[PDB]
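Take a look at the structure below.
Here the Cβ is made from the backbone with ideal geometry for all residues, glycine too, and neighbour counts use every protein chain on show. Just so you know, all these numbers are worked out from the coordinates, no wet-lab data involved.
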Amino acid sequence: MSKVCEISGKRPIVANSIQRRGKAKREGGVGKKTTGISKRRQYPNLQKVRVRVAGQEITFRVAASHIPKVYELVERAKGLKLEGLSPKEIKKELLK
Amino acid sequence: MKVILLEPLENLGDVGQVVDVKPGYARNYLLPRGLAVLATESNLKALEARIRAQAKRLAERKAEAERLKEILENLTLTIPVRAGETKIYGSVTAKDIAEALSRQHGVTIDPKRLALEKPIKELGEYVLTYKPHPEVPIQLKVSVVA
RNA sequence: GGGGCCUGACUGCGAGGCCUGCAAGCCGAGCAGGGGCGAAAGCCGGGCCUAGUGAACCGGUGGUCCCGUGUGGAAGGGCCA
RNA sequence: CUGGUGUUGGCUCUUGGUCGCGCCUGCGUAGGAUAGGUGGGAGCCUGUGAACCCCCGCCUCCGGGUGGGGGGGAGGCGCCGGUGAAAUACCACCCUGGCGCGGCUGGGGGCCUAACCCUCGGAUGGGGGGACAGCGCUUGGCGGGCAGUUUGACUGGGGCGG
RNA sequence: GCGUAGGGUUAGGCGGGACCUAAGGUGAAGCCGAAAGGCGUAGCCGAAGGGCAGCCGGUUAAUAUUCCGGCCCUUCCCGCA
RNA sequence: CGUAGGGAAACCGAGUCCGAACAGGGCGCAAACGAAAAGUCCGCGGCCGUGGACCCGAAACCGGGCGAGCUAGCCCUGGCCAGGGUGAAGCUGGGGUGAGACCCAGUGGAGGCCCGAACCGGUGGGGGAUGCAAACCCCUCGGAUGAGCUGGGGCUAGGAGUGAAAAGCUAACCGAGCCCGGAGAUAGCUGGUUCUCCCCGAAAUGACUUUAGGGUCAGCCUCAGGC
RNA sequence: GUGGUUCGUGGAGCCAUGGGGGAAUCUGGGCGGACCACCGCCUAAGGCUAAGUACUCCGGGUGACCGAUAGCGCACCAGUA
RNA sequence: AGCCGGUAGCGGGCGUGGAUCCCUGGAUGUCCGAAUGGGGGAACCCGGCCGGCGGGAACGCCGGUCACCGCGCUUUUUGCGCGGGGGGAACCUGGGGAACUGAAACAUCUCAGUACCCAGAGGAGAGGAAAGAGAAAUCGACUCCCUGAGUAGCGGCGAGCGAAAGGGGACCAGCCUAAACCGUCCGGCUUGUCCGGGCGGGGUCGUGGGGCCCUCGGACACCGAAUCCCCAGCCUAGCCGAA
RNA sequence: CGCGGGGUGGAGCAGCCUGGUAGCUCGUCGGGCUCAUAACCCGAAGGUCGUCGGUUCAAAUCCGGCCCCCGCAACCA
Ligand SMILES: [K+]
Ligand SMILES: [K+]
Ligand SMILES: [K+]
Ligand SMILES: [K+]
Ligand SMILES: [K+]
Ligand SMILES: [K+]
Ligand SMILES: [K+]
Ligand SMILES: [K+]
Ligand SMILES: [K+]
Ligand SMILES: [K+]
Ligand SMILES: [K+]
Ligand SMILES: [K+]
Ligand SMILES: [K+]
Ligand SMILES: [K+]
Ligand SMILES: [K+]
Ligand SMILES: [K+]
Ligand SMILES: [K+]
Ligand SMILES: [K+]
Ligand SMILES: [K+]
Ligand SMILES: [K+]
Ligand SMILES: [K+]
Ligand SMILES: [K+]
Ligand SMILES: [K+]
Ligand SMILES: [K+]
Ligand SMILES: [K+]
Ligand SMILES: [K+]
Ligand SMILES: [Mg+2]
Ligand SMILES: [Mg+2]
Ligand SMILES: [Mg+2]
Ligand SMILES: [Mg+2]
Ligand SMILES: [Mg+2]
Ligand SMILES: [Mg+2]
Ligand SMILES: [Mg+2]
Ligand SMILES: [Mg+2]
Ligand SMILES: [Mg+2]
Ligand SMILES: [Mg+2]
Ligand SMILES: [Mg+2]
Ligand SMILES: [Mg+2]
Ligand SMILES: [Mg+2]
Ligand SMILES: [Mg+2]
Ligand SMILES: [Mg+2]
Ligand SMILES: [Mg+2]
Ligand SMILES: [Mg+2]
Ligand SMILES: [Mg+2]
Ligand SMILES: [Mg+2]
Ligand SMILES: [Mg+2]
Ligand SMILES: [Mg+2]
Ligand SMILES: [Mg+2]
Ligand SMILES: [Mg+2]
Ligand SMILES: [Mg+2]
Ligand SMILES: [Mg+2]
Ligand SMILES: [Mg+2]
Ligand SMILES: [Mg+2]
Ligand SMILES: [Mg+2]
Ligand SMILES: [Mg+2]
Ligand SMILES: [Mg+2]
Ligand SMILES: [Mg+2]
Ligand SMILES: [Mg+2]
Ligand SMILES: [Mg+2]
Ligand SMILES: [Mg+2]
Ligand SMILES: [Mg+2]
Ligand SMILES: [Mg+2]
Ligand SMILES: [Mg+2]
Ligand SMILES: [Mg+2]
Ligand SMILES: [Mg+2]
Ligand SMILES: [Mg+2]
Ligand SMILES: [Mg+2]
Ligand SMILES: [Mg+2]
Ligand SMILES: [Mg+2]
Ligand SMILES: [Mg+2]
Ligand SMILES: [Mg+2]
Ligand SMILES: [Mg+2]
Ligand SMILES: [Mg+2]
Ligand SMILES: [Mg+2]
Ligand SMILES: [Mg+2]
Ligand SMILES: [Mg+2]
Ligand SMILES: [Mg+2]
Ligand SMILES: [Mg+2]
Ligand SMILES: [Mg+2]
Ligand SMILES: [Mg+2]
Ligand SMILES: [Mg+2]
Ligand SMILES: [Mg+2]
Ligand SMILES: [Mg+2]
Ligand SMILES: [Mg+2]
Ligand SMILES: [Mg+2]
Ligand SMILES: [Mg+2]
Ligand SMILES: [Mg+2]
Ligand SMILES: [Mg+2]
Ligand SMILES: [Mg+2]
Ligand SMILES: [Mg+2]
Ligand SMILES: [Mg+2]
Ligand SMILES: [Mg+2]
Ligand SMILES: [Mg+2]
Ligand SMILES: [Mg+2]
Ligand SMILES: [Mg+2]
Ligand SMILES: [Mg+2]
Ligand SMILES: [Mg+2]
Ligand SMILES: [Mg+2]
Ligand SMILES: [Mg+2]
Ligand SMILES: [Mg+2]
Ligand SMILES: [Mg+2]
Ligand SMILES: [Mg+2]
Ligand SMILES: [Mg+2]
Ligand SMILES: [Mg+2]
Ligand SMILES: [Mg+2]
Ligand SMILES: [Mg+2]
Ligand SMILES: [Mg+2]
Ligand SMILES: [Mg+2]
Ligand SMILES: [Mg+2]
Ligand SMILES: [Mg+2]
Ligand SMILES: [Mg+2]
Ligand SMILES: [Mg+2]
Ligand SMILES: [Mg+2]
Ligand SMILES: [Mg+2]
Ligand SMILES: [Mg+2]
Ligand SMILES: [Mg+2]
Ligand SMILES: [Mg+2]
Ligand SMILES: [Mg+2]
Ligand SMILES: [Mg+2]
Ligand SMILES: [Mg+2]
Ligand SMILES: [Mg+2]
Ligand SMILES: [Mg+2]
Ligand SMILES: [Mg+2]
Ligand SMILES: [Mg+2]
Ligand SMILES: [Mg+2]
Ligand SMILES: [Mg+2]
Ligand SMILES: [Mg+2]
Ligand SMILES: [Mg+2]
Ligand SMILES: [Mg+2]
Ligand SMILES: [Mg+2]
C-alpha cells in the first residue's frame, strides 16, 4: 500500500520532537523548559518477508513486529493453483 | 524459536527431538532449506501423535515376534530322513525346515536368517536360533525311517 | 579614649505616628517570656546619624503541629527559617 | 556524523568484567635460616611411602620457592630455648596479585552464505557485496542551507558619546 | 467594416482525420506515497517534421486544384487471365 | 445567591489567627417608633469585562488553488541571413638541400574576419509627456555564418522556478506573482462622529512605566447620598 | 518516543499508540491519580443497535423583518453584461 | 368551459362523445458529462462483434453488445453473477493541519484542533450495554439539554485555558459472535484417538458464565423483535362552504 | 554545592603499586682543565615530601574530614 503493514495495518503516526533545556525539577532542578516543539512522523519498522509458497515466491511488507504471522499464514496450504497473487487468499480470508 | 527437526544436525541434534535456535537461522536457513518446522501447537501435537504411532508399533513389532517366539519353544519337529547311519544322503536346509514346520505344526518362517550356514547333513541333535531383533531358539531332531 | 565582667546583631507582639499615588521605607514607648551589666535608679531587641541594595514567580536547604485523592502509609505539597 | 538496538544468521579465534569452589605468590642482620594479616596453637607428616638424589614444569629480592614421573625403604619437622614488632609444624577465615575450571558475560579479528543489496538477453537460478550497507525506533553531536524572533530609554532631531 | 432583411462557403487528388512517429504527455507490468497523489519499460496520444493520387482554362453580384470543360492519377471490394 | 466569620490547612466558631499566654494586635459579631429594611428577583439607566465592540484605513502573515499565450531557460521540429571585400590551411608547380625545414608563384575559399540591406538591437541627440504610444516618432549609431535570428510543438513557479548576474524576469508596479479564503488580521497612529435648550466646568503636574505623542495610581471637573 | 484528557514533565496515574522485550485463562486479568498492603469496582484485546441530537438545496407558515442606494449580488431573462 | 406557453398579430385548428390545465405512473429521451468499446483540445473523432437496411462485397446507416475494480461462485478468472465509480446547501466522522493575532516585544503558551486540504457515511453521522465511573457498601449503555462551574484544576502559576462525578430533564431496547465439547465436507498426510481450512450444531457471562460428564421430573404455558405482512393515519391534485 | 583527579628542594615532574632509597633535571657555591667561556667532570649545600587524627615494627608510600589550585560535566529564580 504505502509504508503500511499488510498484516497489522500499522501505519506511520505523527509525533512531536520536543527539545528540552533544563534540569529535572525532581533533581533540585528549578524546572524543565521547552525550546522547540515540531512535527515528525514515526514510521513502522517495515521489512520484506519473501516466502516460497506452493507455486511461486510471495513477498510481504510486514512490520518487523508481526513477522512470524507470515510463517503462521504459510502453514495454511490448499488450492495450489494460479499466479503469485495468492496473497489475496493468504490475506484476511485467512483471519476471516 | 522452537523448531522440530528432520535429520541430524550435529549439536542441535537428530531426527525430531525439539530445540530452539536464533530466529534468523530458522526463517532463512532451517525452514527455507526444508529441514525443520516451528513447533506450532498443531505441529507440536501432530508429532506427539506420531511418536506413539511408531513407538506402539515398535512396542508391537516387538510383540508380534515374541508372541510366536513364545509359542515355538514348546514343540519339537522330527526329520525322518532316508539317512542310513550318522550321515544324511540328502540334507536339511532352512527351506526344508520351513516345510517341516509348515505342516508338522502349521507355521511359516523367513526361512532365511536362521543360523544355517552350510545346510545340515549328519543325523543327530540340533538347536538353532531365529530372528527378528529379539529372537528365538528352536530345537529339532533328525531321525531315520524308510 | 581605656578597662571590667557580658552577647538584647533576643523570642512573642506593638499603642501611636513621620513619610507616602500604590508598593515600600522610617521612628517607637509599653506589656509577656527568658536574660545581660549595674549597689540600685535604670539601660540593652547592634554600631553618632543619614548610602552598603532587589517585589513577585521558579526552585534548594533545615525543621514543624497541617493537608496525603477508597483506607494505613508513601509520593508531593503547604507552614516557619 | 554517530552509540545502542530491530530487520540479523552460521563456524570459529580472542580477550575484558563479575562471582563461587580449588590452587596460590608476599622475604633488611634478625627464638635456627629467604614467615603476607591476626586467631587457633602440643604437635604433627609417612604407610603404600619419610630426607637425599634422577630429571621435568613454574616463579624468581636467583637466594630460594614449588608441583609432577621416579629412584625412594622411612624419619622429615615442632616449640621452650628470644641480641627481630610477629613467629615460622599445622587447619582455617581473609586481604594481595596470579593461574585454572565452571557459571554469567561485554570488546575485538577472521571465515562462511542463506537474509538484505547490486548484477546476469536466460532465473524455485548464476556471479559479486555481505550480516556490513540500507531502512525502523532511539542517544549525543556539527549545522545561516532554511525558519521564527530579539537587537532599551533619555537625548536642545537622530546617531556617536555620556 | 453601422441598423433591418435575403442570399452566399460544393473536394477520392488542396489541408487535417478512418497513416507514421518527435520532444512531451499518458500508462497495463511494476514501484512509492498519511489521503489527494507521485513515478514508470511496453503500449497508446501527440506535427509546420516522414508518407500520400491534380494540372491548365471557363463560369458567379459573392465559391471553385471544390461546380463545369478538357486531359491525368490513387486507393479499397468483386470478378476473370 | 443570602442567612458566619476567622484559618495555608487540621479545625474552631460569636469568634478565630499568630502566640507559653487569661499580653497584645489582625480580620470579624451588636433593633429605628406595627411601619420601614438585610437580602434577593424582574425592569430601566451609567460604566467595565469578553466578543470585529464607535466607524473607515495598512505595509505585511499564513492555507488551498490559478498562471511560462508576456518574459527567462532548455527540449523536439522546421525556416531565414541582398550584395560586395580580405584571402588561412591544403593541394600543385618551381627553387633549395645529402635528405630536409623553408622561400616563391598559381589554385583554393577558411574565419564568434571586413563594408553593408533584410532581420535582431537600442549609442548619442532632438521631439513627445492629460502623447500616435501606460516606452512611440525622426536623425545618428551597434551586430549582421554565429555564443546568429526565428515559426510551430513542448517542460520547469511562489521561499519555488529561470537567470552570460541586474535582486533581472516569472501576463503593463517582483528584496518574494496572482486569486479566493483565515478576515471585520493587527494599527499605543491619521481621519471622521449627525437634533435642541438649561446648570456646572477642567488639564497639559507628580509617581512608576523597553515609558516619553501610550498608559496605571494621585491631583484638578461633575453627579448622587450623608455630615 | 508521543497524542488525548483541566494536566505545559509535573508526585502524572487513566485511554490511545510508532520502537524494544514479551504472559497467563478464576487460585486468570485491567482499574480506584506515582509506588506497597488492605478493602473494593470491573471483565480488554471480535461486531451491530433504533429514539432523544445537527443542518437547511427544497415546501409551508408566522413577523414592534426591508421597501428598489434598502432587502440575497440579482423584485426586471444575473452569477448575466 | 374554455384552449392552442411568456405574447399580441398573421395563418390555421381543438373542446359537454368533458379540451387546455393540475396529480400519479408509464413511454420516447440526439450529443457531452463518473462517462464506462477506443481516442480526444467536454458536447467531437475512430472501431470489434451479432442482427438489420440500400443494388450492397468495398461505402454508409440503424438496433444491440464490449471500460476498469472489488467480491462470491466455480475447472488457473477461457465465463456468469451482484456490487463499486460520480454529485449533493449546510450538518457528520475520520485522516492531515496554518497563520495573522493575544501575550501591549517574543521563543513555551495563545489564536486552535479553528481556517483549510483529503477520504468516507448518510438522511442524519458519530457514540453506544462497562476491563465504566468514584466514595454514598453507591450509581448503572450511549447521545442531547439544564445545572454542577468559570468550581476542581491547568498555566513563561504570565496572557490565558478549563473539566468530571452528581442532580434535574428529552429519549429509552439491547443483541449476534470467536473459544471449549459434538457433527461434518473436502483436504494434506510422516492414515490418524492427528493436523487443518469451509459449513452446521453448541455458547456468549462478573453476584462470574459456559463446555463435558452425574443426579433432577421438566413443561411450551409464557416471552417475542430492530425482519417481513396487512391496516388506520399522513404526503403527492382537489371540494363544499352562511349572510 | 556535588564527582574525577592534584598541592615532593627556589620551578616542575617519579615515590599515590604489593607500608623497610626522597631522588632526577636546570639554576646558584668551592674546585680542576681551557687565554677564556658555555660546555664537561667533581663535591656540597635546599624537601615539615598539602593538613590533623589514627591502624600498626616503622610510613612521604593506606584512611577520614580538612585546604587551595587545577580538573568534571552540570547548573542558574
Ligand atoms: K527477510
Ligand atoms: K539470487
Ligand atoms: K546495520
Ligand atoms: K535643536
Ligand atoms: K515518459
Ligand atoms: K502531418
Ligand atoms: K481580638
Ligand atoms: K466602571
Ligand atoms: K512567495
Ligand atoms: K495578472
Ligand atoms: K498525564
Ligand atoms: K489497558
Ligand atoms: K476506576
Ligand atoms: K471500575
Ligand atoms: K448508528
Ligand atoms: K436610482
Ligand atoms: K447590489
Ligand atoms: K371525467
Ligand atoms: K457500434
Ligand atoms: K477534521
Ligand atoms: K506565533
Ligand atoms: K502589542
Ligand atoms: K512585534
Ligand atoms: K488547545
Ligand atoms: K455459530
Ligand atoms: K477436526
Ligand atoms: Mg526527540
Ligand atoms: Mg514549533
Ligand atoms: Mg507554535
Ligand atoms: Mg518483537
Ligand atoms: Mg533476536
Ligand atoms: Mg502602626
Ligand atoms: Mg545584679
Ligand atoms: Mg514569570
Ligand atoms: Mg496525617
Ligand atoms: Mg490513601
Ligand atoms: Mg523483534
Ligand atoms: Mg567474506
Ligand atoms: Mg546471490
Ligand atoms: Mg545556529
Ligand atoms: Mg534569518
Ligand atoms: Mg509572529
Ligand atoms: Mg532583550
Ligand atoms: Mg529613543
Ligand atoms: Mg544631538
Ligand atoms: Mg548610543
Ligand atoms: Mg552608548
Ligand atoms: Mg463592403
Ligand atoms: Mg450591413
Ligand atoms: Mg476530385
Ligand atoms: Mg476527379
Ligand atoms: Mg470508415
Ligand atoms: Mg495520428
Ligand atoms: Mg502510434
Ligand atoms: Mg504520471
Ligand atoms: Mg506534411
Ligand atoms: Mg493530400
Ligand atoms: Mg498534372
Ligand atoms: Mg483556375
Ligand atoms: Mg473573392
Ligand atoms: Mg474537374
Ligand atoms: Mg478588634
Ligand atoms: Mg500555497
Ligand atoms: Mg512562451
Ligand atoms: Mg519561449
Ligand atoms: Mg524574405
Ligand atoms: Mg555573399
Ligand atoms: Mg554576405
Ligand atoms: Mg561578421
Ligand atoms: Mg558590418
Ligand atoms: Mg521581434
Ligand atoms: Mg536586450
Ligand atoms: Mg535613443
Ligand atoms: Mg529623450
Ligand atoms: Mg545600422
Ligand atoms: Mg561600423
Ligand atoms: Mg565590428
Ligand atoms: Mg548554432
Ligand atoms: Mg522558437
Ligand atoms: Mg508554445
Ligand atoms: Mg502555492
Ligand atoms: Mg502560498
Ligand atoms: Mg541571457
Ligand atoms: Mg513585470
Ligand atoms: Mg482570526
Ligand atoms: Mg480592517
Ligand atoms: Mg503587529
Ligand atoms: Mg462660571
Ligand atoms: Mg495628545
Ligand atoms: Mg505612543
Ligand atoms: Mg486617572
Ligand atoms: Mg451633596
Ligand atoms: Mg498535550
Ligand atoms: Mg502527556
Ligand atoms: Mg497500566
Ligand atoms: Mg494503578
Ligand atoms: Mg488510591
Ligand atoms: Mg465485547
Ligand atoms: Mg458503529
Ligand atoms: Mg418600512
Ligand atoms: Mg408597508
Ligand atoms: Mg438592489
Ligand atoms: Mg424611488
Ligand atoms: Mg431562466
Ligand atoms: Mg386567429
Ligand atoms: Mg409524468
Ligand atoms: Mg439524430
Ligand atoms: Mg474517456
Ligand atoms: Mg468515449
Ligand atoms: Mg491516430
Ligand atoms: Mg454487418
Ligand atoms: Mg444482402
Ligand atoms: Mg452501431
Ligand atoms: Mg450500438
Ligand atoms: Mg450497457
Ligand atoms: Mg462520494
Ligand atoms: Mg472524488
Ligand atoms: Mg455516495
Ligand atoms: Mg481530527
Ligand atoms: Mg483516511
Ligand atoms: Mg503582541
Ligand atoms: Mg443513527
Ligand atoms: Mg467541586
Ligand atoms: Mg461545559
Ligand atoms: Mg435502562
Ligand atoms: Mg463454527
Ligand atoms: Mg446458533
Ligand atoms: Mg465455575
Ligand atoms: Mg365557494
Ligand atoms: Mg360566499
Rounded to the nearest 500, what is chain B's calculated 222 nm mean residue ellipticity when only DSSP H runs of at least 4 contribute -39500 (n - 2.57) each, over all residues?
-9000 deg cm²/dmol
Cut-off is 10 Å between beta-carbons; in what order do A:48, B:121 appear when sorted fewest neighbours first?
A:48, B:121
As a test, work out the antiparallel percent of DSSP beta bridges whose residues both lie in chain B, rounded to the nearest 5.
70
Residue A:80 and residue A:46 label points (each 7 Å along its Cα→Cβ direction) are spaced in nm at 3.4
What value, in deg cm²/dmol to 500, does the helix sum -39500 (n - 2.57) over DSSP H runs of n ≥ 4 give at 222 nm once divided by the residues of chain A?
-2500 deg cm²/dmol
Among the chymotrypsin sites (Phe, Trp or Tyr not before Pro) within the range B:24-101, which fall in a DSSP loop and have no more than 15 other Cβ atoms within 10 Å of their own Cβ?
B:89
In the neighbourhood of residue A:60 defined by beta carbon distances under 11 Å, the net charge of the other residues (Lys, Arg +1; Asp, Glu -1) is +3
0 to 90° range, to nearest 10: angle between helix B:94-104 axis and chain B longest Cα axis
80
Below 8 Å between Cα atoms, with a sequence gap of 6+, how large is the relative contact order for the range B:14-113 in percent?
12
Of the trypsin sites (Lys or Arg not before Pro) in the range B:34-108, which ones lie in a loop per DSSP and count no more than 12 other C-beta atoms within 10 Å?
B:82, B:87
FRET efficiency, residue B:122 to residue B:59 (Cβ-Cβ, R0 41 Å, nearest 0.05)
0.50
Rounded to the nearest 10 degrees, the helix B:41-68 long axis (Cα) sits at an angle to the longest Cα principal axis of chain B of 10
Cα→Cβ-extended label distance, 7 Å offset, between residue B:49 and residue A:56, nm
3.4
Plugging the Cβ-Cβ distance of residue B:104 and residue B:146 into 1/(1 + (r/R0)^6) at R0 = 22 Å yields, to the nearest 0.05, a FRET efficiency of 0.75
Taking A:66, B:105 and counting other beta carbon atoms within 10 angstrom, the fewest-first order is B:105, A:66
Within the range B:89-131, list the GluC sites (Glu not before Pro) lying in a DSSP loop whose Cβ has at most 15 other Cβ atoms in a 10 Å radius.
B:117, B:122
FRET efficiency for residue B:18 and residue A:94 from the Cβ-Cβ distance with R0 = 35 Å, rounded to 0.05, comes out at 0.85
